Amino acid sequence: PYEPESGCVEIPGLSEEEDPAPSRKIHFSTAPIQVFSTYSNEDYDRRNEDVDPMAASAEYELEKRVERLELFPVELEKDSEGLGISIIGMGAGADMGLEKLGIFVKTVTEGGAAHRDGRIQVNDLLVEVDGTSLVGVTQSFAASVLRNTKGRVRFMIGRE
């Protein structure tokens, strides 16, 4: 049942300024300054706790490397054995820890769906699976996305 409200208050204007140049074309009002009312902080929460420049920068450094790689779509039938790949997370640089990783194919299981297909090799980068980005993710988030896949699974793969 929100009722917005508007108002104006005048305050003292710009002080007179003596000796400005006669060559100066612009001038400044001495009239009262109108102060218009906007929302309180109670009405309008302007805070945004979701900005995190350290996390974003870490993702961005990873993203920068990926788009030097040529990207290509792969589609696999997920059978009973699974996808026939294992994965490894690697950071964008030395000893980055666990949070913002690129997800590479470490293993391509012989006889498995990825192998029978031919297009996916060890060291390929999994950029996207099931429409979900895997660029700058944890290895557990990646694993979860992969296990949750069913039927014909759509990939974007990077290499080189």
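The numbering used is simple: start at 1 and walk along the sequence shown.
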_Comparing 115 to 123 with 38 to 46, the one whose average Cα B-factor in the PDB entry is higher_ = 115 to 123
*Of 17 to 25 and 134 to 142, which one has the bigger average CA B-factor?*
17 to 25
_So if I compare the CA B-factors in the entry for 69, 101, 129, 31, which one is the largest?_
69
*Would you please rank residue 89 by its C-alpha temperature factor against the other modelled residues of its chain and give the third it falls in: lowest, middle or highest?*
lowest
*Consider only the C-alpha atoms of the modelled residues in this chain, order them by B-factor as the entry records it, and name the third containing residue 95: lowest, middle or highest.*
lowest
_CA B-factor ranking of residue 63, expressed as a third of its chain_ = middle
